[PDB]
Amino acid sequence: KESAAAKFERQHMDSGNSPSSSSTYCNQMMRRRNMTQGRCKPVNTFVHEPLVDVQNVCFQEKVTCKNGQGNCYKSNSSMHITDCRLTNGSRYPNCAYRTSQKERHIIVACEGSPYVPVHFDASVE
């Protein structure tokens, strides 16, 4: 006989585990996008939104870049993103990464003609 509380834990609790925690998404993508050729890139963010929506950010709210230099813009809305963080140290070659999918407003630096994104400055919060 399963208690009401017990059923809740079976059906809804999975503390400490998540689709991100066991995902090899960052391992595969950091390698696929050539960020593991010379050295294991320390940190990186992937944006899961249509390209035109990210490009449109260049014409949204103008904010100061993190280091104060350049022209940065913040997205009108939160976007789907994934943070990739090299884990356990070194070992370049083996580039091991912690995958963290989330939703955050992003800030990118834009430049050129057309005025497009050239640098991912940061995710907000």
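Note that residue numbering begins at 1 and tracks the sequence as displayed.
The question of which stretch, 68-76 or 90-98, has the higher mean Cα B factor is settled in favour of 90-98. Looking only at 55, 34, 45, 60, the residue with the top Cα B factor in the deposited structure is 34.
Residue-level temperature factors show residue 16 in the highest third of its chain, judged at the C-alpha atom. Per the PDB record, residue ranking by Cα B-factor puts residue 29 in the middle third of the chain. Annotation for residue 40: CA B-factor lies in the highest third of the chain's modelled residues.
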